[PDB]
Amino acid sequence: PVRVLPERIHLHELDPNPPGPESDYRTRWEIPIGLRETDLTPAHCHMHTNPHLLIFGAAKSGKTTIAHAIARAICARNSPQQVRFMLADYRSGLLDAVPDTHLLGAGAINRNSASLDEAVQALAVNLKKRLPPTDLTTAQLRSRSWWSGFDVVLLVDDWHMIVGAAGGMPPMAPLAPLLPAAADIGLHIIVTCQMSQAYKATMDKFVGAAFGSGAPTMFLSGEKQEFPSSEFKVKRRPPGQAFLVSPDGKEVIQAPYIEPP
């Protein structure tokens, strides 16, 4: 029981020299999300290939702060012509997470069911036009040459609350048909959820679509019965400490901290 991870590592210490918008697409979407316990190196989301990130945690385990930090890491690497953000943030805890330059030109800040439903519907209209022509080869698919512009990051905090306040259409329904092609259309969802509701979320048509197709999942503090798993290690942890699960492996990390606005 020697303690290898810091209790707090600032984003700037985790990511002191981020590459900038002049780098290629793959470099710009290798996003650091925490410090590895095994060798004290940064763990990365490979978002040029695996587009999403899921963040599950008990109350005050760091969900919103970590979402804020990872958003800033993405903006350090990408110009407004390379990424735009749409926020679902009913508690308004992420309003300054993204510089204004990097917000989507309209529908960017959604703090209730009515606004989010309108914004997501409009986003789906635009993203649907990026679906690839059926005859594209794998090489053409990977080149993403048939559309041009920014990737979109759909930054979603407190998904359990969004689902809980959902009046009418289940939230994100216009995007559900587009999720299988998310990598091809430049869509990234980064979603936090309270752990007491994350297990059921992994079966739904938004968080559960991403989870079921192998999105990296960060398990912050939680109780064992909230996410039954013999493979994952869900237990109480200090804020920011997480069991990260991805198709590449399973490992304990310390997720980046950033000061609140």
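Heads up: residue numbers just count along the shown sequence, starting at 1.
- Of the two segments, 173-181 and 79-87, the one listed with the higher mean B-factor is 173-181 (C-alpha atoms only).
- Set 130-138 against 70-78 and average the Cα temperature factors; 130-138 ends up higher.
- Out of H102, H188, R144, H160, the entry records its largest CA B-factor for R144.
- The PDB entry assigns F227 a C-alpha temperature factor belonging to the middle third of its chain's modelled residues.
- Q194 sits in the lowest third of its chain by CA B factor, as recorded in the PDB entry.
- For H46, the recorded CA B-factor ranks within the middle third of the chain. Only modelled residues enter the ranking.
- Residue-level temperature factors show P216 in the middle third of its chain, judged at the C-alpha atom.
- Looking at the C-alpha B-factors along this chain, the one for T38 belongs to the highest third.
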